[PDB]
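Scroll down for the structure; my scribbles are underneath it.
Number of protein chains: 2
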Amino acid sequence: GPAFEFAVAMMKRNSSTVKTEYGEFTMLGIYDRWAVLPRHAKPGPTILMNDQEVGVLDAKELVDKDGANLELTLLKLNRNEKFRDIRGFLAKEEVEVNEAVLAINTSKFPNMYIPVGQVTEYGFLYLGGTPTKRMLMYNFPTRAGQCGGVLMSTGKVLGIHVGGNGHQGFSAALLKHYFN
Amino acid sequence: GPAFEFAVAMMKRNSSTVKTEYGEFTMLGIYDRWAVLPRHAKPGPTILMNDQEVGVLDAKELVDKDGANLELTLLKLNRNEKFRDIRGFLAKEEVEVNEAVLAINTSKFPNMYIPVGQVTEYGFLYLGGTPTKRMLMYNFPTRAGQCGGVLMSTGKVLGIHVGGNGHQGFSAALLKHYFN
Ligand SMILES: *[C@@H](CC(=O)OCC)[C@H](C[C@@H]1CCNC1=O)NC(=O)[C@H](Cc1ccccc1)NC(=O)[C@H](CC(=O)OC(C)(C)C)NC(=O)OCc1ccccc1
Ligand SMILES: *[C@@H](CC(=O)OCC)[C@H](C[C@@H]1CCNC1=O)NC(=O)[C@H](Cc1ccccc1)NC(=O)[C@H](CC(=O)OC(C)(C)C)NC(=O)OCc1ccccc1
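Those protein sequence lines, which keep their order, are chains A and B.
Here the first sequence is numbered in our numbering, starting from 13 and rising by one per residue.
Here the second sequence is numbered in our numbering, starting from 13 and rising by one per residue.
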């Protein structure tokens, strides 16, 4: 009920559709000129953001202390406009919930809102052959074109959707401390 | 973009969650006290509508001239409140579109909005062993609990989701002339 409304306001104000040479993704802007994509989107020095080319000034593929893949890329956009700062809405650690929304917004799947149910701390996953950490698992989404989707509960952004197999979907935890 | 917004306003104002002895469904109220469910929901003399028992005064399983199943049940509710009249938003015939939204709202899948893509006039289908007519086909939804979902484009209600197999989903066309 409310999760949906929180999710619409977030996507309206902070999401965009991105095309890289590797596909189409939902992208979430975080603050200033910093946004987040799944690592596998591999953004280059320019991306198409809502149909417009936008320069990327820097791109950081996140890894943990020991260098384990976190499957997220932080990108700094070469644009004058700043994002509305949503760092306050970010989870401080991996979050488990009984109900969450996955929000996806691309030209192929516009304005898609999926109630994904129980979200659990899956932890380590061999995702597309790559050892990955801080995975959140949920049942029931799981097609190409949905990566970058934003996983949310009321008033919190939990993760960014990165992978899946069968009826299972996986988000990279989107943690407050990643930003700065 | 707009299809989503039209879809939210419709669901907000005219949809409800229904439980019959046969499951949980999205239900759309049409006008007066008349609402629509998939035929297979088989509503009895009482249904649970948004958590409250509500009497059903009459239930008509629709069939065409020759008695072919249309897979829709019209129900008249024993309640004082009238539905907002949306007969004007109903398609007059089977509609094919390149993009449509499927909106599903139950306790298990709350506030679910799915862009389903190309919607074509499939026509006759052997659905769950029953010969059925006036089917609209689209790719990509297709789980238990989603029947009754409302298929829409901007400013039009096209159908009610009734069945599926694999990545294919099927709506019964929701035609203006069924109401009266
Ligand atoms: C989003 C990005 C995308 O579409 O890229 C291709 C254009 C996509 C979403 C998943 C596809 C299936 N379900 C989804 O939700 N992500 C990926 O494809 C992701 C890319 C990736 C991520 C990390 C490192 C490398 C690559 N890969 C996966 O999700 C893979 C999918 C896969 O290879 O399997 C099939 C394509 C389904 C055959 N999933 C995976 O490796 O899971 C292993 C596994 C097995 C059993 C249980 C859990 C997980
Ligand atoms: C919604 C109602 C429901 O959940 O009832 C059970 C509690 C549900 C939605 C579909 C399930 C799979 N995908 C869906 O979108 N509807 C049905 O289950 C529907 C009930 C029905 C409708 C009409 C007459 C009798 C019964 N049945 C179907 O969709 C059947 C599903 C089925 O039996 O197959 C599996 C369960 C998937 C194994 N679909 C069907 O008969 O399709 C035949 C077909 C084959 C190849 C191409 C197209 C269609």
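The beta carbon of each residue, even a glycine, is placed where N, CA and C say it ideally should be.
- DSSP places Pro14 (chain B) in the helix class (H, G or I) of the three-state scheme.
- Residue environment analysis places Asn123 (chain B) among the buried positions, since at least 16 neighbouring C-beta atoms fall within 10 angstroms of its C-beta.
- Of the heavy atoms belonging to ligand 2, at least one sits nearer than 7 angstroms to the Cβ of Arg155 (chain B).
- Going by beta carbons, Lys72 (chain A) and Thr85 (chain A) fall inside the 8 angstroms limit.
- Residues of the stretch 111–142 of chain A that bring their beta carbon within less than 7 angstroms of a beta carbon in chain B comprise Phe121, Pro122, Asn123, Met124, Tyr125, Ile126 and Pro127, in sequence order.
- When Cβ pairs closer than 8 angstroms are counted between the two stretches, the stretch 99–109 of chain B is seen to touch the stretch 131–146 of chain B, the count reaching three or more.
- Going by DSSP, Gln180 (chain B) is part of the beta strand (DSSP E) stretching over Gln180 to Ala185.
- Any Cβ of chain B closer than 8 angstroms to the Cβ of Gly161 (chain A) would place that residue at the interface, and such an atom is absent.
- Scanning its chain for C-beta atoms nearer than 6 angstroms, with the 5 sequence neighbours on each side dropped, one finds around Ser165 (chain B) the residues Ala15, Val109 and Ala112, in chain order.
- Using a Cβ distance threshold of 8 angstroms, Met147 (chain B) and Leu137 (chain B) count as a contacting pair.
- With fewer than 16 other Cβ atoms from the protein chains shown falling within 10 Å of its own Cβ, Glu65 (chain B) counts as exposed.
- By the beta-carbon neighbour count (other beta carbons within 10 angstroms, threshold 16), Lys31 (chain A) is buried.
- Nearest to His52 (chain A) by alpha-carbon distance, out of A:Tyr125, A:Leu82, A:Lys77 and A:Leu40, is A:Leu82.
- Of all residues in the stretch 148–159 of chain B, only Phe152 and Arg155 come within less than 8 angstroms of chain A when Cβ atoms are compared, listed by chain position.
- For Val48 (chain B), the Cβ stays outside the 7 angstroms cut-off from all heavy atoms of ligand 2.
- Taking every protein chain shown into account, the CB of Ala156 (chain B) has fewer than 16 other CB atoms within 10 angstroms, so this residue is exposed.
- DSSP assignment within the stretch 15–97 of chain B yields the following whole beta strand (DSSP E) runs of 3 residues or more, N-terminal first: 27–32, 35–43, 46–50, 58–61, 64–75 and 81–89.
- Ranked by how close their Cα comes to the Cα of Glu17 (chain B), the residues B:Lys188, B:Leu186, B:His189 and B:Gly167 have B:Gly167 in first place.
- Residue contact check for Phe16 (chain A) against chain B: a CB pair falls below 8 angstroms.
- Here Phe101 (chain B) carries a helix assignment [DSSP, helix/strand/coil].
- The nearest non-hydrogen atom of ligand 2 is 7 angstroms or more from the C-beta of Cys159 (chain A).
- Considering only B:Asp70, B:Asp76, B:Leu89 and B:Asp44, the residue with the shortest C-alpha distance to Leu60 (chain B) is B:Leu89.
- If you draw a straight line from the Cα of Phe121 (chain B) to the Cα of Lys188 (chain A), it comes to about 29 angstroms.
- Annotation for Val128 (chain A): no beta strand (DSSP E) segment contains it, and DSSP assigns it neither H nor E.
- Contact with chain A is absent for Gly176 (chain B), since none of that chain's Cβ atoms lies less than 8 angstroms from the residue's Cβ.
- Taking C-beta atoms as the reference points, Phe95 (chain B) and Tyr43 (chain B) count as a pair closer than 8 angstroms.
- By the Cβ neighbour-count rule, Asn92 (chain A) is exposed, with fewer than 16 other Cβ atoms within 10 Å of its own.
- Short note on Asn81 (chain A): C-beta not closer than 7 angstroms to any heavy atom of ligand 2.
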